Protein chains: 2
Amino acid sequence: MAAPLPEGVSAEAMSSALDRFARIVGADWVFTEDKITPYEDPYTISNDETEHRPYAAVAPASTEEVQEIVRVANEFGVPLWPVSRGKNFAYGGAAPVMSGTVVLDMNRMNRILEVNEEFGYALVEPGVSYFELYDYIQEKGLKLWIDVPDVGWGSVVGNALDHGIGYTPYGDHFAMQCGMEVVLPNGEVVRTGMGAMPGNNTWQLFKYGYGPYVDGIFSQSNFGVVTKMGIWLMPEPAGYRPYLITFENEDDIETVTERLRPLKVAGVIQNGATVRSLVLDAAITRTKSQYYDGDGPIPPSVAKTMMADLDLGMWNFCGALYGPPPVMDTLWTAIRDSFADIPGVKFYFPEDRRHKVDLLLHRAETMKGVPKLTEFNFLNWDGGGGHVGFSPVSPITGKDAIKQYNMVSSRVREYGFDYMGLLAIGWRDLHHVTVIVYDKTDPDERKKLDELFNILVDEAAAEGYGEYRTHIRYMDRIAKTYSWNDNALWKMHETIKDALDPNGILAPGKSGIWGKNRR
Amino acid sequence: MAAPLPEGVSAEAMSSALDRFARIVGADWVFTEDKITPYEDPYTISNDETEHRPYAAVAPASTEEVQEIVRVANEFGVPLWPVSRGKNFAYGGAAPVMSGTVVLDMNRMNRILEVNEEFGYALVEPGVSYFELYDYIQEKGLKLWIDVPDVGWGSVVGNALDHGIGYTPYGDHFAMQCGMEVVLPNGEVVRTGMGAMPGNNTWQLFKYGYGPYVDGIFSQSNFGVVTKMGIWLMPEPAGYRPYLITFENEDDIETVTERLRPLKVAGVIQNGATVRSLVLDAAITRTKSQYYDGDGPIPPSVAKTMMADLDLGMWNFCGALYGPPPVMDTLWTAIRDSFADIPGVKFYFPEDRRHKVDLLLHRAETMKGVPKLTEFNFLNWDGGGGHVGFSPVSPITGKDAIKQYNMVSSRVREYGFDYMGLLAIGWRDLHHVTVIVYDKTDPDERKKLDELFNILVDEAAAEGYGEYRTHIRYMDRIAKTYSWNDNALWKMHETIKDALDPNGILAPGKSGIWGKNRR
Ligand SMILES: Cc1cc2nc3c(=O)[nH]c(=O)nc-3n(C[C@H](O)[C@H](O)[C@H](O)COP(=O)(O)OP(=O)(O)OC[C@H]3O[C@@H](n4cnc5c(N)ncnc54)[C@H](O)[C@@H]3O)c2cc1C
Ligand SMILES: Cc1cc2nc3c(=O)[nH]c(=O)nc-3n(C[C@H](O)[C@H](O)[C@H](O)COP(=O)(O)OP(=O)(O)OC[C@H]3O[C@@H](n4cnc5c(N)ncnc54)[C@H](O)[C@@H]3O)c2cc1C
Ligand SMILES: [Cl-]
Ligand SMILES: [Cl-]
Ligand SMILES: [Cl-]
Ligand SMILES: [Cl-]
Ligand SMILES: [Cl-]
């Protein structure tokens, strides 16, 4: 079933806009009909084939083409969904919230404008992948690391703008951003920070520049199209020691989170702390069929086999030490002593692991910024599928951690899915992350998934736990949880949207923000 | 001599507003006539007495009184100048850009709403001083440090919003901000981040919340009135070692900046690096008259007597080590060895300083977040004066440091002032900071000051060095240096200003931002 037209746009307006788009980028860089397939969400949730359907895609080569495209979108009221590389799998891929939206795919704007070793930064266009930035650095022998999600075909820009995370000390991608160029919804171009100063050499050295700090308003946003972005890069460290701490009991997560709190608040653990459930970690190297025959989620007897077999606990804390050995030894003493008295705890460094293909060896690559695509193998746990996550924010306490594990594993298993969870800590923020793998081809699984997801959001919100990043299908739902003072915050986002984008042509419904023409 | 009415506002409109303000906050907290004196800039620059003249001040007790004052302001078209404590000495104090603006003084809103030890944060109203928050922490025995901008009587909120800086690893005050409550220009109230979720306990734990990141637009801004603000607080570390490294030769600053760069990018130096000129450091414990009776800048023979008398160099680098001894020793080895081979270099710890009142003993207090008013001593160098500062951003290069030292020291000395200066480094950002001490009572000195200041701006901008914070007199002048693409960035600020504040009643001219009614 073909995408419907966006409401308020005629066949003739759409036909005219797509031909005008083709005059700007070339007929070969406007995609309709059979060539739209890759812009669909690969992990379908809806059973309604009229939802989240991109009408076409346009793939520009430059900021100047983006500006022209934006002006044509305003001329015809044809809305655009900007993507850097459009690999936002688990969140909708390249697909828009509103059917009939045209994808603006900036994949071909893939110039690495600068990599600066002595100041540790890069200035990149949206099409630059983590693979590409990593290869450039390696090729040029620069003593810099990148910070990669578990998945390396993504965008250094796109991932950061969606408040993406990785597994080095530079793991908060948007916090490491510094300077951007934006095409505003009127088609005019602006630079933030020191980029506003002609002849500056400081665009990537100082975030604020002068006056209001606005870079943030173009993250998780439909206020602009980002065409260049700076990012800080970690200088190669004097040493690197990745580790795995395993815990034998499901209830250990309570005391583990209590012990993690001071180590994370003080910065003794130098990267994000990630504590993964047994099945989430097993799914890298194993399938359910190799330990259990049921079509249901696993029983506890299986869990015990997997633990001894894979040298994993019910909870698996991956982290890493960075810097000269005397620093790494001192921090390690602090971290190890924090967990040594827990019955059944085990400590591993890479040389301590007895398997060739191993969770610590796999996570050790990500914790030093090596981009890969091996993480997608976890989707084969239950025969093959898509994934979606729920990652709300809570205080770093044992009580909050065990409450979420209990609430979520209960609900997920009620709907026929194995519980795959982790407790993640950035700095002062805990996230219980629910990872759900589903057969996206099965209408009944899709219906169960949607119904489950809505229960997780509601029960989390009732405890004061709010989502920070979500799939196109739930962007309205998450926005409505942020309801303080009768939705005061979204009223302010709406005022800013109407000011910058009076015709509502950028990404209708992104982050639950809709302009005056569609509200 | 009395302040003029703001243009467009009648005596009747003003008198009605003031009558309504008195009923909102009480007659004892609307200040007119003789009681306006404290709201004048204490360090006058302009010789035109009709400039930067507040008409009156209102001191509300609560967010509800702020909302009512803002609605009254919209009713009568009376503009407001929001200050948290108005201690912005060197930037115009509590005085507005535009004469006849009424000061909205929130010093009486001084509740410490929360200090959380296990998560290391505070939630504060704008009237909370560094002195008050430090005294609160000390009395309850909480193992937390604050970060002070050497001006104990200032606002935790107000300083952060103006992008203020201190001397611990938490020195970027606005970077450590997390959650705020803002009264918007229509008098409606909003909470950013996790504060938009009813029942959250995460407002001070996670900056972003969901959707666009907007806290930044209320910093160095007239988009809103901040009434509550969270800030991250450093856990008391396992150890603290403040140090002073002196350089004999003014030309040493070139090689010193070169060696500082990798140490700062990599985080081996854990706080801001501050490299202060002889006179700036000497003026802390001595006056010019102790060494030289002439009215001109000191000569070189006097500089050398001062260096020998005080154990100071032409350049004085104060920094501190934080954390467990084995970490501090490792970082000290790298820092020490970076400078050991410079002829004339000297290394001091507190126990190495002979003088009882001593640069390093005062700086050691600031670099562990002990609030003081010691820093004001440099105003007595030439018998008593005010100060203004020029603090543009540059790359951390010897060539940029020595260029700025030569082009500024020559000009300031040319106009008859002693050069007092420093090279400060945040993380990747160099600042050559010019401190100009002048007789604020003397119209001739004021005129030489204004002339010198304008030359320093133009010569800096010609090199691509832009200011990040300035005095109310120069806010339009600095805005105009950020002129990339025919002033694109300020056209965007103006679009947001007109959307949030259609009647232009918040702080007209803050950061060179004027609404449509005044532009
Ligand atoms: C197995 C697996 C593992 C994953 N691991 C991680 C992980 O560790 N960490 C993580 O963060 N994510 C992870 N993800 C989620 C996701 O796949 C990645 O974050 C991915 O990199 C995002 O796609 P992208 O980088 O191509 O960004 P894009 O798809 O290009 O951008 C994402 C969104 O940002 C906005 N946007 C992008 N570019 C612009 C622009 N120029 N202007 C304006 N708005 C723009 C749009 O709303 C767009 O839809 C994982 C997913 C899976 C399935
Ligand atoms: C000798 C000397 C040393 C100094 N040392 C330092 C230093 O080391 N570091 C440093 O950073 N500064 C320094 N200063 C500058 C200044 O004195 C301090 O930064 C001081 O703390 C700022 O005043 P305040 O905290 O009362 O802020 P305020 O005066 O209350 O606020 C400053 C500005 O921010 C805005 N603002 C404040 N509150 C709000 C609000 N609630 N809503 C909206 N806008 C608001 C307004 O535009 C206001 O004018 C120094 C000054 C002198 C003379
Ligand atoms: Cl460029
Ligand atoms: Cl819209
Ligand atoms: Cl409160
Ligand atoms: Cl510590
Ligand atoms: Cl205005």
# chains A, B, ... in the order shown; residues from 1 in each chain; ligands from 1
$ residues_near_ligand --ligand "ligand 3" --cutoff "12 Å" --atoms "only C-alpha atoms and all ligand atoms" --output "number ranges by chain"
A: 62-63, 111-115, 122-125, 179-181, 191, 195-196, 198-201, 203-204, 227-230
$ calpha_fit_rmsd --fixed "chain B" --moving "chain A"
0.2 Å
$ closest_residue --among "B:250, B:117, B:64, B:442" --to "chain A" --atoms "only C-alpha atoms"
B:117
$ residues_around --residues "residue A:326" --least-positions-apart "3" --cutoff "8 Å" --atoms "only C-alpha atoms" --output "list in words"
residues 329 and 330 of chain A; 326, 327 and 330 of chain B
$ residues_near_ligand --ligand "ligand 2" --cutoff "6 Å" --atoms "only C-alpha atoms and all ligand atoms" --output "PyMOL selection string"
chain B and resi 82-90+93-94+126+149-151+154-155+158-159+161-162+164-166+224-227+375-376+387
$ residues_around --residues "residue A:388" --least-positions-apart "4" --cutoff "8 Å" --atoms "only C-alpha atoms" --output "list in words"
residues 90, 91, 435, 436, 437 and 471 of chain A
$ residues_around --residues "stretch 290-307 of chain B" --least-positions-apart "2" --cutoff "10 Å" --atoms "only C-alpha atoms" --output "list in words"
residues 246, 248, 278, 279, 282, 286, 287, 288, 309, 310, 311, 312, 313, 314, 381, 382, 412, 413, 414, 415, 416, 417, 418 and 419 of chain B
$ interface_residues --of "chain B" --to "chain A" --cutoff "6 Å" --atoms "only C-alpha atoms" --output "PDB file with C-alpha atoms, in the first residue's frame"
ATOM      1  CA  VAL B 190       7.802  26.614  32.990  1.00  0.00           C
ATOM      2  CA  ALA B 196       8.453  19.078  33.423  1.00  0.00           C
ATOM      3  CA  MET B 197       7.489  15.551  34.724  1.00  0.00           C
ATOM      4  CA  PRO B 198       5.121  15.543  37.776  1.00  0.00           C
ATOM      5  CA  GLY B 199       6.562  13.482  40.650  1.00  0.00           C
ATOM      6  CA  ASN B 200      10.155  13.312  39.208  1.00  0.00           C
ATOM      7  CA  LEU B 205      20.213  14.451  37.922  1.00  0.00           C
ATOM      8  CA  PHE B 206      19.732  14.670  34.096  1.00  0.00           C
ATOM      9  CA  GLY B 209      14.748  15.704  29.789  1.00  0.00           C
ATOM     10  CA  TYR B 210      13.002  15.093  26.433  1.00  0.00           C
ATOM     11  CA  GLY B 211      12.849  17.075  23.183  1.00  0.00           C
ATOM     12  CA  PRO B 212      14.808  20.311  22.526  1.00  0.00           C
ATOM     13  CA  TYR B 213      17.440  21.401  25.085  1.00  0.00           C
ATOM     14  CA  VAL B 214      16.376  24.971  25.983  1.00  0.00           C
ATOM     15  CA  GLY B 216      20.864  27.573  27.429  1.00  0.00           C
ATOM     16  CA  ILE B 217      18.480  30.154  25.853  1.00  0.00           C
ATOM     17  CA  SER B 219      21.628  32.223  29.933  1.00  0.00           C
ATOM     18  CA  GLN B 220      23.033  35.670  28.851  1.00  0.00           C
ATOM     19  CA  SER B 221      19.431  36.276  27.764  1.00  0.00           C
ATOM     20  CA  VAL B 327      46.679  10.166  41.409  1.00  0.00           C
ATOM     21  CA  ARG B 428      40.111  23.742  24.920  1.00  0.00           C
ATOM     22  CA  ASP B 429      39.677  27.556  25.176  1.00  0.00           C
ATOM     23  CA  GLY B 464      39.157  36.573  15.077  1.00  0.00           C
ATOM     24  CA  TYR B 468      32.004  35.919  25.594  1.00  0.00           C
ATOM     25  CA  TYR B 482      29.320  38.088  15.603  1.00  0.00           C
ATOM     26  CA  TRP B 484      28.725  35.932  10.026  1.00  0.00           C
ATOM     27  CA  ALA B 488      22.306  35.799  10.900  1.00  0.00           C
ATOM     28  CA  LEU B 489      22.662  34.724  14.586  1.00  0.00           C
ATOM     29  CA  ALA B 499       7.905  35.223  19.929  1.00  0.00           C
ATOM     30  CA  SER B 511      23.463  40.790  24.919  1.00  0.00           C
TER      31      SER B 511
END
$ select_by_dssp --residues "stretch 166-396 of chain A" --states "helix (DSSP H, G or I)" --output "PyMOL selection string"
chain A and resi 193-196+215-218+252-266+278-285+288-290+300-310+325-339+350-352+359-366+374-380
$ select_by_dssp --residues "stretch 129-182 of chain B" --states "strand (DSSP E or B)" --output "list in words"
residues 129, 144, 145, 155, 165, 172, 177, 178, 179, 180, 181 and 182 of chain B
$ write_last_selection --atoms "C-alpha atoms" --output "PDB file, in the first residue's frame"
ATOM      1  CA  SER B 129      24.880  33.780  47.790  1.00  0.00           C
ATOM      2  CA  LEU B 144      30.409  18.748  49.217  1.00  0.00           C
ATOM      3  CA  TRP B 145      32.394  21.646  47.683  1.00  0.00           C
ATOM      4  CA  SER B 155      24.506  34.656  43.193  1.00  0.00           C
ATOM      5  CA  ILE B 165      33.673  30.867  36.074  1.00  0.00           C
ATOM      6  CA  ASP B 172      32.258  26.248  34.187  1.00  0.00           C
ATOM      7  CA  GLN B 177      23.561  23.847  35.795  1.00  0.00           C
ATOM      8  CA  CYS B 178      20.783  21.160  35.755  1.00  0.00           C
ATOM      9  CA  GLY B 179      17.054  22.061  35.717  1.00  0.00           C
ATOM     10  CA  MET B 180      15.531  25.548  36.073  1.00  0.00           C
ATOM     11  CA  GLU B 181      12.162  27.258  36.579  1.00  0.00           C
ATOM     12  CA  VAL B 182      11.563  30.285  34.315  1.00  0.00           C
TER      13      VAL B 182
END
$ residues_near_ligand --ligand "ligand 7" --cutoff "6 Å" --atoms "only C-alpha atoms and all ligand atoms" --output "NGL selection string"
:B and (504 or 508 or 514-515 or 518)
$ residues_around --residues "residue A:46" --least-positions-apart "4" --cutoff "10 Å" --atoms "only C-alpha atoms" --output "list in words"
residues 50, 51, 52, 440, 443, 446, 447, 449, 450 and 473 of chain A
$ write_last_selection --atoms "N, CA and C atoms" --output "compact mmCIF listing (two decimals), in the first residue's frame"
# COMPACT_ATOMS: atom_id res chain seq x y z
N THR A 50 -1.13 2.79 6.88
CA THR A 50 -1.20 4.23 6.55
C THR A 50 -0.36 5.08 7.52
N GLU A 51 0.32 4.49 8.50
CA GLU A 51 1.04 5.27 9.55
C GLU A 51 2.56 5.21 9.32
N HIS A 52 3.23 6.34 9.56
CA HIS A 52 4.72 6.46 9.56
C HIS A 52 5.27 6.14 8.18
N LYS A 440 8.87 -8.47 13.79
CA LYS A 440 8.26 -7.28 13.18
C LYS A 440 7.39 -7.73 12.00
N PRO A 443 1.82 -9.73 12.75
CA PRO A 443 0.85 -8.74 13.21
C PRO A 443 0.43 -8.89 14.68
N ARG A 446 3.29 -7.65 16.90
CA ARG A 446 3.32 -6.17 16.78
C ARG A 446 2.24 -5.57 17.69
N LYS A 447 1.07 -6.20 17.72
CA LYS A 447 -0.05 -5.75 18.58
C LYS A 447 0.34 -5.91 20.05
N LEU A 449 3.37 -6.02 21.33
CA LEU A 449 4.49 -5.06 21.55
C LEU A 449 3.94 -3.67 21.87
N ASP A 450 3.08 -3.16 21.00
CA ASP A 450 2.44 -1.83 21.17
C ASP A 450 1.72 -1.76 22.52
N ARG A 473 6.69 6.42 16.81
CA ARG A 473 5.31 6.03 17.16
C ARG A 473 4.93 6.55 18.55
$ closest_residue --among "A:69, A:137, A:284, A:360" --to "ligand 1" --atoms "only C-alpha atoms and all ligand atoms"
A:284
$ closest_residue --among "A:143, A:353, A:372, A:241" --to "ligand 1" --atoms "only C-alpha atoms and all ligand atoms"
A:372
$ residues_around --residues "residue A:38" --least-positions-apart "4" --cutoff "12 Å" --atoms "only C-alpha atoms" --output "PyMOL selection string"
chain A and resi 31-34+42-43+53-54+56-57+85-87+89+92-95+103+105
